[PDB]
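Structure data follow from start.tsv (TSV, C-alpha atoms and all ligand atoms):
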chain	number	residue	atom	x	y	z
A	1	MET	CA	25.36	34.72	93.33
A	2	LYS	CA	22.32	34.57	91.03
A	3	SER	CA	21.03	33.14	87.78
A	4	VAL	CA	21.59	34.76	84.42
A	5	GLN	CA	18.60	36.28	82.66
A	6	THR	CA	17.81	35.71	78.98
A	7	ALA	CA	15.58	36.97	76.18
A	8	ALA	CA	15.06	35.39	72.77
A	9	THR	CA	13.69	36.22	69.34
A	10	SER	CA	13.55	34.52	65.95
A	11	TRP	CA	12.62	35.07	62.32
A	12	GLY	CA	12.59	33.28	59.01
A	13	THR	CA	12.30	29.66	57.92
A	14	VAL	CA	15.56	28.04	59.07
A	15	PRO	CA	15.05	29.90	61.46
A	16	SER	CA	17.43	32.58	62.64
A	17	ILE	CA	17.51	32.76	66.46
A	18	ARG	CA	19.00	35.42	68.76
A	19	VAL	CA	19.43	34.82	72.51
A	20	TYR	CA	20.53	37.69	74.76
A	21	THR	CA	21.97	36.90	78.18
A	22	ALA	CA	22.49	39.29	81.07
A	23	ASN	CA	25.34	37.89	83.15
A	24	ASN	CA	26.80	39.92	86.01
A	25	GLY	CA	25.95	43.28	84.47
A	26	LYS	CA	26.86	42.55	80.83
A	27	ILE	CA	24.56	41.39	77.99
A	28	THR	CA	25.97	39.28	75.17
A	29	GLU	CA	24.29	37.69	72.16
A	30	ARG	CA	24.30	34.21	70.64
A	31	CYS	CA	23.04	33.45	67.15
A	32	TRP	CA	21.72	30.40	65.34
A	33	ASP	CA	21.06	30.15	61.63
A	34	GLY	CA	21.06	26.50	60.59
A	35	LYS	CA	24.41	25.10	61.62
A	36	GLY	CA	25.85	25.93	65.05
A	37	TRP	CA	25.59	28.73	67.54
A	38	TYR	CA	27.95	31.65	67.28
A	39	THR	CA	28.52	34.93	69.10
A	40	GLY	CA	26.84	38.07	67.80
A	41	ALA	CA	27.93	41.69	67.71
A	42	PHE	CA	25.62	42.86	70.52
A	43	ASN	CA	27.56	43.58	73.71
A	44	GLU	CA	26.22	46.21	76.12
A	45	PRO	CA	25.82	46.69	79.88
A	46	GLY	CA	22.67	45.37	81.51
A	47	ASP	CA	21.29	43.34	84.40
A	48	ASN	CA	17.92	42.65	82.73
A	49	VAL	CA	17.09	42.28	79.03
A	50	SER	CA	14.06	41.97	76.78
A	51	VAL	CA	13.78	41.86	72.99
A	52	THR	CA	11.37	42.19	70.09
A	53	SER	CA	11.98	42.01	66.38
A	54	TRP	CA	10.10	42.60	63.14
A	55	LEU	CA	10.66	42.25	59.41
A	56	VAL	CA	10.43	44.81	56.63
A	57	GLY	CA	10.33	42.53	53.64
A	58	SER	CA	13.32	40.27	54.29
A	59	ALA	CA	15.23	42.76	56.44
A	60	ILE	CA	15.27	42.13	60.19
A	61	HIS	CA	14.98	44.88	62.78
A	62	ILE	CA	15.74	44.16	66.45
A	63	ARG	CA	15.17	46.19	69.63
A	64	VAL	CA	16.93	45.12	72.85
A	65	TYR	CA	15.87	46.83	76.10
A	66	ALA	CA	18.81	46.74	78.54
A	67	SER	CA	18.16	47.74	82.15
A	68	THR	CA	20.71	48.61	84.81
A	69	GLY	CA	18.94	49.84	87.91
A	70	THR	CA	16.00	52.03	86.87
A	71	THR	CA	17.71	53.04	83.60
A	72	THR	CA	16.58	51.19	80.46
A	73	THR	CA	18.55	51.76	77.26
A	74	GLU	CA	17.09	50.68	73.93
A	75	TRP	CA	19.57	49.29	71.37
A	76	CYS	CA	18.57	49.11	67.73
A	77	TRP	CA	19.63	46.77	64.96
A	78	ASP	CA	18.48	47.88	61.50
A	79	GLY	CA	21.01	46.06	59.32
A	80	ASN	CA	24.16	48.05	59.92
A	81	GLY	CA	25.28	47.83	63.52
A	82	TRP	CA	23.76	48.48	66.91
A	83	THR	CA	22.76	52.04	67.77
A	84	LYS	CA	21.05	53.65	70.77
A	85	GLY	CA	17.35	54.25	70.37
A	86	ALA	CA	15.04	56.98	71.62
A	87	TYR	CA	13.29	54.85	74.29
A	88	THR	CA	12.76	56.42	77.72
A	89	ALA	CA	10.56	55.07	80.50
A	90	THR	CA	7.43	56.63	82.02
A	91	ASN	CA	8.14	60.00	83.70
B	1	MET	CA	10.98	34.74	99.14
B	2	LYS	CA	10.67	36.19	95.62
B	3	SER	CA	8.34	36.53	92.67
B	4	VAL	CA	7.99	33.91	89.98
B	5	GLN	CA	9.32	34.71	86.52
B	6	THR	CA	7.37	34.07	83.32
B	7	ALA	CA	7.78	33.99	79.55
B	8	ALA	CA	5.03	33.75	76.95
B	9	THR	CA	4.54	32.96	73.27
B	10	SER	CA	1.59	32.50	70.93
B	11	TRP	CA	0.64	31.43	67.42
B	12	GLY	CA	-2.38	30.96	65.22
B	13	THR	CA	-5.83	32.52	65.05
B	14	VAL	CA	-7.60	31.30	68.20
B	15	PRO	CA	-4.80	31.77	69.35
B	16	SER	CA	-2.69	29.12	71.02
B	17	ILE	CA	-0.80	30.55	74.02
B	18	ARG	CA	2.06	29.06	76.06
B	19	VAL	CA	3.16	30.58	79.39
B	20	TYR	CA	6.29	29.26	81.12
B	21	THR	CA	6.79	29.97	84.81
B	22	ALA	CA	9.98	29.59	86.82
B	23	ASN	CA	8.94	28.97	90.41
B	24	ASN	CA	11.54	28.04	93.03
B	25	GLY	CA	13.89	26.39	90.55
B	26	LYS	CA	11.33	24.55	88.39
B	27	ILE	CA	9.72	25.69	85.11
B	28	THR	CA	6.23	24.49	84.20
B	29	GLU	CA	4.00	25.31	81.25
B	30	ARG	CA	0.38	26.38	80.87
B	31	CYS	CA	-1.51	26.27	77.59
B	32	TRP	CA	-4.52	28.03	76.11
B	33	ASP	CA	-6.25	27.12	72.88
B	34	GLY	CA	-9.78	28.49	72.92
B	35	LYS	CA	-11.46	27.05	75.99
B	36	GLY	CA	-9.59	26.97	79.31
B	37	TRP	CA	-6.02	26.81	80.46
B	38	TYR	CA	-4.38	23.46	80.94
B	39	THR	CA	-0.95	22.17	81.92
B	40	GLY	CA	1.56	21.36	79.21
B	41	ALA	CA	4.24	18.71	78.92
B	42	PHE	CA	7.19	21.06	79.52
B	43	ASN	CA	8.70	20.54	82.97
B	44	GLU	CA	12.41	21.27	83.48
B	45	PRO	CA	14.66	22.90	86.09
B	46	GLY	CA	15.22	26.63	85.85
B	47	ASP	CA	15.27	29.90	87.80
B	48	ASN	CA	14.89	32.11	84.70
B	49	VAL	CA	13.10	31.40	81.41
B	50	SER	CA	12.68	32.93	77.97
B	51	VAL	CA	10.92	31.62	74.87
B	52	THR	CA	10.57	32.10	71.14
B	53	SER	CA	8.52	30.18	68.61
B	54	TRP	CA	8.07	29.98	64.86
B	55	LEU	CA	5.89	28.18	62.34
B	56	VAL	CA	6.81	25.94	59.44
B	57	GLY	CA	3.55	25.90	57.56
B	58	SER	CA	1.09	25.00	60.32
B	59	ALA	CA	3.62	23.20	62.53
B	60	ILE	CA	4.80	25.04	65.64
B	61	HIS	CA	8.39	24.98	66.86
B	62	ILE	CA	9.26	26.27	70.34
B	63	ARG	CA	12.60	27.03	72.03
B	64	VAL	CA	12.68	27.55	75.82
B	65	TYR	CA	15.92	28.87	77.36
B	66	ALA	CA	16.12	27.67	80.98
B	67	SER	CA	18.81	29.18	83.20
B	68	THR	CA	20.03	27.90	86.56
B	69	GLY	CA	23.01	29.94	87.68
B	70	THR	CA	25.22	30.68	84.66
B	71	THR	CA	24.06	27.51	82.85
B	72	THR	CA	21.39	27.99	80.17
B	73	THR	CA	19.81	24.87	78.67
B	74	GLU	CA	17.79	25.14	75.47
B	75	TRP	CA	14.72	22.86	75.21
B	76	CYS	CA	13.18	22.20	71.82
B	77	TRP	CA	9.63	21.40	70.81
B	78	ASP	CA	9.30	20.29	67.18
B	79	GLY	CA	6.03	18.36	67.35
B	80	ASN	CA	7.07	15.21	69.17
B	81	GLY	CA	8.22	15.96	72.68
B	82	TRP	CA	10.77	18.20	74.31
B	83	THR	CA	14.44	17.57	73.59
B	84	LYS	CA	17.67	19.33	74.58
B	85	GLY	CA	19.07	21.69	71.99
B	86	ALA	CA	22.60	22.63	71.01
B	87	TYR	CA	22.56	26.13	72.59
B	88	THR	CA	25.61	27.18	74.61
B	89	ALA	CA	26.40	30.69	75.83
B	90	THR	CA	29.32	32.94	74.85
B	91	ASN	CA	32.71	31.43	75.79
C	1	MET	CA	17.85	48.14	95.41
C	2	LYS	CA	17.53	46.20	92.14
C	3	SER	CA	17.13	46.58	88.40
C	4	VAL	CA	13.79	47.03	86.70
C	5	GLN	CA	12.48	44.18	84.57
C	6	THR	CA	11.02	44.66	81.09
C	7	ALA	CA	9.10	42.82	78.39
C	8	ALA	CA	8.49	43.96	74.82
C	9	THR	CA	6.28	43.19	71.84
C	10	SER	CA	5.67	44.70	68.41
C	11	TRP	CA	3.42	44.50	65.37
C	12	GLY	CA	2.89	46.13	62.01
C	13	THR	CA	5.12	47.92	59.53
C	14	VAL	CA	6.07	51.19	61.26
C	15	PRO	CA	6.18	49.29	63.67
C	16	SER	CA	4.11	49.68	66.80
C	17	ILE	CA	6.15	48.77	69.91
C	18	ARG	CA	5.02	48.17	73.51
C	19	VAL	CA	7.51	47.96	76.39
C	20	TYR	CA	6.29	46.94	79.86
C	21	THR	CA	8.45	47.74	82.87
C	22	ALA	CA	8.13	46.33	86.37
C	23	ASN	CA	9.57	48.92	88.74
C	24	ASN	CA	9.25	48.48	92.50
C	25	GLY	CA	6.04	46.47	92.29
C	26	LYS	CA	4.24	48.43	89.56
C	27	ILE	CA	4.15	47.74	85.79
C	28	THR	CA	3.74	50.62	83.35
C	29	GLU	CA	3.71	50.70	79.56
C	30	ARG	CA	5.49	52.78	76.92
C	31	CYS	CA	4.42	52.91	73.30
C	32	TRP	CA	6.09	53.73	70.00
C	33	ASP	CA	4.33	54.15	66.68
C	34	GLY	CA	6.53	56.20	64.35
C	35	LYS	CA	7.22	59.46	66.13
C	36	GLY	CA	8.14	59.46	69.82
C	37	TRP	CA	7.51	57.28	72.82
C	38	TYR	CA	4.45	57.88	74.92
C	39	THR	CA	2.82	56.31	77.96
C	40	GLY	CA	0.16	53.66	77.48
C	41	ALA	CA	-2.97	52.81	79.41
C	42	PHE	CA	-1.58	49.64	81.03
C	43	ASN	CA	-0.86	50.17	84.73
C	44	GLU	CA	-1.09	47.19	87.09
C	45	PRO	CA	0.83	45.75	90.05
C	46	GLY	CA	3.69	43.38	89.32
C	47	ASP	CA	7.31	42.54	90.11
C	48	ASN	CA	7.85	40.45	86.95
C	49	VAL	CA	6.25	40.80	83.51
C	50	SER	CA	6.06	38.94	80.22
C	51	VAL	CA	4.04	39.64	77.08
C	52	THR	CA	2.83	38.13	73.84
C	53	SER	CA	0.64	39.59	71.13
C	54	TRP	CA	-1.13	38.47	67.97
C	55	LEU	CA	-3.17	39.99	65.16
C	56	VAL	CA	-6.66	39.18	63.94
C	57	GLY	CA	-6.61	40.92	60.60
C	58	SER	CA	-5.38	44.38	61.56
C	59	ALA	CA	-6.60	44.26	65.16
C	60	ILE	CA	-3.97	43.73	67.85
C	61	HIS	CA	-4.49	41.53	70.89
C	62	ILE	CA	-2.05	41.67	73.82
C	63	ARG	CA	-1.61	39.45	76.89
C	64	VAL	CA	0.56	40.70	79.79
C	65	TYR	CA	1.43	38.21	82.55
C	66	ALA	CA	2.05	40.16	85.78
C	67	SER	CA	3.56	38.28	88.72
C	68	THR	CA	3.68	39.37	92.35
C	69	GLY	CA	5.05	36.55	94.48
C	70	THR	CA	3.62	33.24	93.21
C	71	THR	CA	0.47	34.94	91.86
C	72	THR	CA	0.41	35.64	88.11
C	73	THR	CA	-2.44	37.76	86.75
C	74	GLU	CA	-3.11	37.84	83.01
C	75	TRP	CA	-4.25	41.20	81.57
C	76	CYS	CA	-5.92	41.29	78.18
C	77	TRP	CA	-6.03	43.99	75.53
C	78	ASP	CA	-8.54	43.28	72.76
C	79	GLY	CA	-9.13	46.80	71.45
C	80	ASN	CA	-11.23	48.32	74.21
C	81	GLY	CA	-9.31	48.53	77.45
C	82	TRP	CA	-7.42	46.15	79.68
C	83	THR	CA	-9.35	43.36	81.37
C	84	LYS	CA	-8.35	40.43	83.60
C	85	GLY	CA	-7.97	37.12	81.83
C	86	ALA	CA	-8.66	33.55	82.87
C	87	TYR	CA	-4.99	32.51	83.27
C	88	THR	CA	-4.06	30.50	86.37
C	89	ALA	CA	-0.79	28.67	86.97
C	90	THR	CA	-0.20	24.92	87.36
C	91	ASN	CA	-2.02	23.47	90.40
D	1	LIG	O1	24.74	37.22	62.09
D	1	LIG	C1	24.93	37.76	63.36
D	1	LIG	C2	24.38	39.21	63.42
D	1	LIG	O2	24.99	40.01	62.49
D	1	LIG	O3	22.89	39.26	63.19
D	1	LIG	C3	22.26	40.57	63.45
D	1	LIG	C4	22.55	40.93	64.90
D	1	LIG	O4	22.02	39.84	65.70
D	1	LIG	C5	24.03	41.06	65.06
D	1	LIG	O5	24.36	41.48	66.40
D	1	LIG	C6	24.76	39.77	64.78
D	1	LIG	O6	26.19	39.94	64.78
D	2	LIG	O1	15.47	53.82	64.27
D	2	LIG	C1	15.61	53.98	65.65
D	2	LIG	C2	14.21	54.07	66.27
D	2	LIG	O2	13.59	55.18	65.80
D	2	LIG	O3	13.41	52.84	65.89
D	2	LIG	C3	12.06	52.84	66.49
D	2	LIG	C4	12.15	52.97	68.01
D	2	LIG	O4	12.81	51.79	68.48
D	2	LIG	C5	12.94	54.19	68.39
D	2	LIG	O5	13.09	54.28	69.83
D	2	LIG	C6	14.32	54.19	67.78
D	2	LIG	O6	15.04	55.39	68.10
D	3	LIG	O1	-1.18	21.01	73.72
D	3	LIG	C1	-0.19	21.13	74.70
D	3	LIG	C2	1.21	20.86	74.09
D	3	LIG	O2	1.27	19.61	73.53
D	3	LIG	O3	1.57	21.88	73.04
D	3	LIG	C3	2.98	21.82	72.58
D	3	LIG	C4	3.86	22.02	73.80
D	3	LIG	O4	3.48	23.29	74.37
D	3	LIG	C5	3.62	20.89	74.75
D	3	LIG	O5	4.50	20.99	75.89
D	3	LIG	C6	2.20	20.86	75.25
D	3	LIG	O6	1.92	19.67	76.03
D	4	LIG	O1	16.43	20.81	66.23
D	4	LIG	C1	17.16	21.20	67.36
D	4	LIG	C2	17.94	22.48	67.02
D	4	LIG	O2	18.82	22.21	66.03
D	4	LIG	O3	16.96	23.54	66.55
D	4	LIG	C3	17.62	24.83	66.23
D	4	LIG	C4	18.41	25.32	67.45
D	4	LIG	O4	17.44	25.59	68.47
D	4	LIG	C5	19.38	24.27	67.91
D	4	LIG	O5	20.08	24.71	69.11
D	4	LIG	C6	18.69	22.97	68.23
D	4	LIG	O6	19.64	21.96	68.62
D	5	LIG	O1	-1.87	53.65	71.67
D	5	LIG	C1	-1.60	53.24	72.99
D	5	LIG	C2	-2.52	52.05	73.38
D	5	LIG	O2	-3.85	52.39	73.27
D	5	LIG	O3	-2.26	50.84	72.53
D	5	LIG	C3	-2.93	49.60	72.99
D	5	LIG	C4	-2.45	49.33	74.41
D	5	LIG	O4	-1.00	49.24	74.34
D	5	LIG	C5	-2.89	50.47	75.27
D	5	LIG	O5	-2.53	50.22	76.65
D	5	LIG	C6	-2.27	51.78	74.86
D	5	LIG	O6	-2.82	52.90	75.58
D	6	LIG	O1	-10.61	37.18	75.99
D	6	LIG	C1	-9.97	36.90	77.21
D	6	LIG	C2	-9.28	35.53	77.09
D	6	LIG	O2	-10.22	34.58	76.89
D	6	LIG	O3	-8.33	35.56	75.91
D	6	LIG	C3	-7.59	34.29	75.75
D	6	LIG	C4	-6.84	33.95	77.04
D	6	LIG	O4	-5.86	34.98	77.22
D	6	LIG	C5	-7.79	33.92	78.21
D	6	LIG	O5	-7.07	33.67	79.45
D	6	LIG	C6	-8.53	35.22	78.37
D	6	LIG	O6	-9.48	35.16	79.45
Give the structure from this file in structure tokens form.
Ligand SMILES: OC[C@@]1(O)OC[C@@H](O)[C@@H](O)[C@@H]1O
Ligand SMILES: OC[C@@]1(O)OC[C@@H](O)[C@@H](O)[C@@H]1O
Ligand SMILES: OC[C@@]1(O)OC[C@@H](O)[C@@H](O)[C@@H]1O
Ligand SMILES: OC[C@@]1(O)OC[C@@H](O)[C@@H](O)[C@@H]1O
Ligand SMILES: OC[C@@]1(O)OC[C@@H](O)[C@@H](O)[C@@H]1O
Ligand SMILES: OC[C@@]1(O)OC[C@@H](O)[C@@H](O)[C@@H]1O
Amino acid sequence: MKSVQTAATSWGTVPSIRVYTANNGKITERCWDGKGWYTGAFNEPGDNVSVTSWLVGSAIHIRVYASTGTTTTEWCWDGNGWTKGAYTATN
Amino acid sequence: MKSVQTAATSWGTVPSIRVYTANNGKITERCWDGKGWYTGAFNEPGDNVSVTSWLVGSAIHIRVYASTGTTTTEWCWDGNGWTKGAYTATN
Amino acid sequence: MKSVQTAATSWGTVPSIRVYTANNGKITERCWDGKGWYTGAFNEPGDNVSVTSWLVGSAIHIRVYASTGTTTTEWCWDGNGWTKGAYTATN
């Protein structure tokens, strides 16, 4: 057994918070935006996770780097669902 | 034996930096703000750590997600000491 | 065998993205800035990695915290190559 691994990001004034947790090979997402926490749409395989986000005006963009073994898959939020990104690692 | 795990955040112009380190089940905090590094008030159990921070005007708010096993505790800095937050994980 | 560990940061409008990956004791860096991913100059030992970045005007500053065992080395980007920073951990 082992500890889960998390990554977090935030934006805005309230603020909006996203916390990604890698738990036994699966990454899920929890969301805060002023009231209580709730579960987000992100759900992808991964043993390790990192995240970064940026704003274009008021629109949030999120990149989640999910790693299983030596394979890191980037997942992209740009307002309309999660999609796989072009990220590949060195060599 | 194993490697420590860290998380970092920063704000401002100098800037101010916070680095959280999980070392053998305990998370401590180091701080930079223009001169040298010094130890911060955050000290809580955890094998894994992540962090995010945001500003309201000039006031910094920090959220540290500390995980021991499958249990993740959120710790909140809002100007006046660290307090436990409402975060819980999916299901 | 084990999974790689990553950290990510971003800045700007395009945006610019940096992803650091600790893979079998070595951390390398991948970069995005509007077209495709390419390999960055950062290459240092480490089993765990975290990152934070900030802007001074339009100039990016990056701090990468590389941990091997209980030893965490800070690496600094301030526009002109990576250099070791003053970071040390508690006690
Ligand atoms: O409001 C929740 C949500 O839509 O915010 C953007 C992303 O975090 C999504 O995965 C998530 O479902
Ligand atoms: O819109 C998707 C995308 O282009 O966004 C910027 C980078 O995250 C890329 O890897 C990714 O494919
Ligand atoms: O100046 C250090 C400090 O007060 O900054 C806010 C938090 O990082 C605290 O834990 C820490 O003691
Ligand atoms: O002020 C504390 C709090 O409400 O801040 C926003 C979120 O981090 C919540 O989980 C947390 O309880
Ligand atoms: O454009 C790539 C680059 O110069 O950007 C700043 C740092 O990420 C460097 O390691 C990297 O080579
Ligand atoms: O310019 C280097 C430096 O002073 O930048 C701020 C902190 O990251 C310090 O540890 C580091 O030595």
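Taking only C-alpha atoms and all ligand atoms into account, ligand LIG 4 (chain D) has within 6 Å the residues residues 85, 86 and 87 of chain B.
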Define the interface residues of chain B facing chain C as those within 6 Å, counting all atoms listed in the file, and report them as a PDB file with C-alpha atoms, keeping the file's coordinate frame.
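To be explicit, this is the file written out as out_9.pdb:
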ATOM      1  CA  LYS B   2      10.670  36.190  95.620  1.00  0.00           C
ATOM      2  CA  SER B   3       8.340  36.530  92.670  1.00  0.00           C
ATOM      3  CA  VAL B   4       7.990  33.910  89.980  1.00  0.00           C
ATOM      4  CA  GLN B   5       9.320  34.710  86.520  1.00  0.00           C
ATOM      5  CA  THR B   6       7.370  34.070  83.320  1.00  0.00           C
ATOM      6  CA  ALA B   7       7.780  33.990  79.550  1.00  0.00           C
ATOM      7  CA  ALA B   8       5.030  33.750  76.950  1.00  0.00           C
ATOM      8  CA  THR B   9       4.540  32.960  73.270  1.00  0.00           C
TER       9      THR B   9
END
Protein and nucleic residues near ligand LIG 3 (chain D), 12 Å, all atoms listed in the file, as a compact mmCIF listing (two decimals) with C-alpha atoms, in the coordinates of the input:
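Dumped to out.txt:
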# COMPACT_ATOMS: atom_id res chain seq x y z
CA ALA B 8 5.03 33.75 76.95
CA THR B 9 4.54 32.96 73.27
CA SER B 10 1.59 32.50 70.93
CA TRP B 11 0.64 31.43 67.42
CA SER B 16 -2.69 29.12 71.02
CA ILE B 17 -0.80 30.55 74.02
CA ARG B 18 2.06 29.06 76.06
CA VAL B 19 3.16 30.58 79.39
CA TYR B 20 6.29 29.26 81.12
CA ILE B 27 9.72 25.69 85.11
CA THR B 28 6.23 24.49 84.20
CA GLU B 29 4.00 25.31 81.25
CA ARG B 30 0.38 26.38 80.87
CA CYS B 31 -1.51 26.27 77.59
CA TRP B 32 -4.52 28.03 76.11
CA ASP B 33 -6.25 27.12 72.88
CA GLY B 34 -9.78 28.49 72.92
CA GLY B 36 -9.59 26.97 79.31
CA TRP B 37 -6.02 26.81 80.46
CA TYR B 38 -4.38 23.46 80.94
CA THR B 39 -0.95 22.17 81.92
CA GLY B 40 1.56 21.36 79.21
CA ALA B 41 4.24 18.71 78.92
CA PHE B 42 7.19 21.06 79.52
CA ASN B 43 8.70 20.54 82.97
CA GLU B 44 12.41 21.27 83.48
CA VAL B 51 10.92 31.62 74.87
CA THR B 52 10.57 32.10 71.14
CA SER B 53 8.52 30.18 68.61
CA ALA B 59 3.62 23.20 62.53
CA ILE B 60 4.80 25.04 65.64
CA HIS B 61 8.39 24.98 66.86
CA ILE B 62 9.26 26.27 70.34
CA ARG B 63 12.60 27.03 72.03
CA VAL B 64 12.68 27.55 75.82
CA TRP B 75 14.72 22.86 75.21
CA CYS B 76 13.18 22.20 71.82
CA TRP B 77 9.63 21.40 70.81
CA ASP B 78 9.30 20.29 67.18
CA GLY B 79 6.03 18.36 67.35
CA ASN B 80 7.07 15.21 69.17
CA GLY B 81 8.22 15.96 72.68
CA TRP B 82 10.77 18.20 74.31
CA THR B 83 14.44 17.57 73.59
How would chain A read as an mmCIF file with C-alpha atoms, in the frame of the given file once least-squares superposed on chain B using all paired C-alpha atoms?
data_model
loop_
_atom_site.group_PDB
_atom_site.id
_atom_site.type_symbol
_atom_site.label_atom_id
_atom_site.label_comp_id
_atom_site.auth_asym_id
_atom_site.auth_seq_id
_atom_site.Cartn_x
_atom_site.Cartn_y
_atom_site.Cartn_z
ATOM 1 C CA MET A 1 10.979 34.745 99.142
ATOM 2 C CA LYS A 2 10.673 36.187 95.624
ATOM 3 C CA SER A 3 8.347 36.529 92.666
ATOM 4 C CA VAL A 4 7.990 33.906 89.979
ATOM 5 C CA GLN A 5 9.318 34.711 86.524
ATOM 6 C CA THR A 6 7.370 34.067 83.318
ATOM 7 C CA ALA A 7 7.779 33.987 79.546
ATOM 8 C CA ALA A 8 5.030 33.748 76.942
ATOM 9 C CA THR A 9 4.539 32.961 73.271
ATOM 10 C CA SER A 10 1.589 32.499 70.930
ATOM 11 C CA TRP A 11 0.642 31.431 67.421
ATOM 12 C CA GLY A 12 -2.378 30.963 65.226
ATOM 13 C CA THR A 13 -5.831 32.518 65.047
ATOM 14 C CA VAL A 14 -7.604 31.304 68.203
ATOM 15 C CA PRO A 15 -4.793 31.768 69.350
ATOM 16 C CA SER A 16 -2.692 29.117 71.022
ATOM 17 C CA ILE A 17 -0.800 30.553 74.020
ATOM 18 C CA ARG A 18 2.060 29.057 76.062
ATOM 19 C CA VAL A 19 3.165 30.582 79.388
ATOM 20 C CA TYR A 20 6.290 29.259 81.117
ATOM 21 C CA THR A 21 6.791 29.969 84.810
ATOM 22 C CA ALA A 22 9.978 29.592 86.819
ATOM 23 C CA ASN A 23 8.939 28.969 90.416
ATOM 24 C CA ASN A 24 11.538 28.039 93.026
ATOM 25 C CA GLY A 25 13.889 26.391 90.548
ATOM 26 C CA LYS A 26 11.331 24.544 88.389
ATOM 27 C CA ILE A 27 9.714 25.695 85.109
ATOM 28 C CA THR A 28 6.234 24.488 84.202
ATOM 29 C CA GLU A 29 3.999 25.306 81.245
ATOM 30 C CA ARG A 30 0.377 26.384 80.869
ATOM 31 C CA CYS A 31 -1.507 26.273 77.585
ATOM 32 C CA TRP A 32 -4.516 28.035 76.116
ATOM 33 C CA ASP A 33 -6.248 27.122 72.886
ATOM 34 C CA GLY A 34 -9.788 28.492 72.920
ATOM 35 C CA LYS A 35 -11.457 27.050 75.983
ATOM 36 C CA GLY A 36 -9.595 26.964 79.307
ATOM 37 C CA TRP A 37 -6.022 26.815 80.457
ATOM 38 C CA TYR A 38 -4.380 23.463 80.934
ATOM 39 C CA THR A 39 -0.955 22.165 81.926
ATOM 40 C CA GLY A 40 1.563 21.359 79.209
ATOM 41 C CA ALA A 41 4.239 18.702 78.924
ATOM 42 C CA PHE A 42 7.188 21.057 79.524
ATOM 43 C CA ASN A 43 8.702 20.544 82.973
ATOM 44 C CA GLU A 44 12.409 21.271 83.478
ATOM 45 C CA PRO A 45 14.664 22.902 86.083
ATOM 46 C CA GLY A 46 15.225 26.637 85.853
ATOM 47 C CA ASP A 47 15.259 29.894 87.795
ATOM 48 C CA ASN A 48 14.887 32.116 84.706
ATOM 49 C CA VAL A 49 13.108 31.397 81.414
ATOM 50 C CA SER A 50 12.688 32.931 77.978
ATOM 51 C CA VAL A 51 10.926 31.625 74.872
ATOM 52 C CA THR A 52 10.562 32.100 71.134
ATOM 53 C CA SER A 53 8.520 30.182 68.620
ATOM 54 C CA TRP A 54 8.063 29.982 64.861
ATOM 55 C CA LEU A 55 5.884 28.178 62.342
ATOM 56 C CA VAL A 56 6.812 25.936 59.435
ATOM 57 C CA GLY A 57 3.549 25.896 57.565
ATOM 58 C CA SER A 58 1.088 24.996 60.322
ATOM 59 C CA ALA A 59 3.614 23.200 62.528
ATOM 60 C CA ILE A 60 4.807 25.038 65.636
ATOM 61 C CA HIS A 61 8.392 24.978 66.860
ATOM 62 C CA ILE A 62 9.264 26.276 70.341
ATOM 63 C CA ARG A 63 12.599 27.031 72.032
ATOM 64 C CA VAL A 64 12.680 27.551 75.818
ATOM 65 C CA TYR A 65 15.922 28.867 77.357
ATOM 66 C CA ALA A 66 16.121 27.678 80.984
ATOM 67 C CA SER A 67 18.815 29.180 83.206
ATOM 68 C CA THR A 68 20.033 27.907 86.557
ATOM 69 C CA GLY A 69 23.010 29.940 87.680
ATOM 70 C CA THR A 70 25.218 30.674 84.663
ATOM 71 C CA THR A 71 24.057 27.511 82.850
ATOM 72 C CA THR A 72 21.384 27.984 80.169
ATOM 73 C CA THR A 73 19.812 24.868 78.663
ATOM 74 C CA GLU A 74 17.792 25.134 75.464
ATOM 75 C CA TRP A 75 14.725 22.861 75.209
ATOM 76 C CA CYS A 76 13.183 22.203 71.823
ATOM 77 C CA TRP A 77 9.634 21.397 70.807
ATOM 78 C CA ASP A 78 9.300 20.291 67.175
ATOM 79 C CA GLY A 79 6.033 18.351 67.347
ATOM 80 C CA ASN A 80 7.064 15.210 69.169
ATOM 81 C CA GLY A 81 8.218 15.958 72.686
ATOM 82 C CA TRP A 82 10.770 18.207 74.316
ATOM 83 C CA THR A 83 14.441 17.571 73.586
ATOM 84 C CA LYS A 84 17.672 19.330 74.578
ATOM 85 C CA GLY A 85 19.064 21.695 71.993
ATOM 86 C CA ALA A 86 22.600 22.632 71.007
ATOM 87 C CA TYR A 87 22.556 26.130 72.587
ATOM 88 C CA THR A 88 25.610 27.184 74.605
ATOM 89 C CA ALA A 89 26.401 30.686 75.830
ATOM 90 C CA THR A 90 29.319 32.940 74.856
ATOM 91 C CA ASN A 91 32.713 31.432 75.797
#
Just how far from atom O1 of ligand LIG 2 (chain D) is atom CA of residue 84 of chain A, in Å to one decimal? 8.6 Å
Would you mind reading off the distance between atom CA of residue 45 of chain C and atom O3 of ligand LIG 6 (chain D), one decimal, in Å?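 Value for the atom CA of residue 45 of chain C-atom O3 of ligand LIG 6 (chain D) distance: 19.7 Å.
Atom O4 of ligand LIG 2 (chain D) sits 29.6 Å away from atom CA of residue 73 of chain B.
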Counting all atoms listed in the file, figure out which residue out of C:58, C:24, C:35, C:12 gets nearest to ligand LIG 2 (chain D). C:35
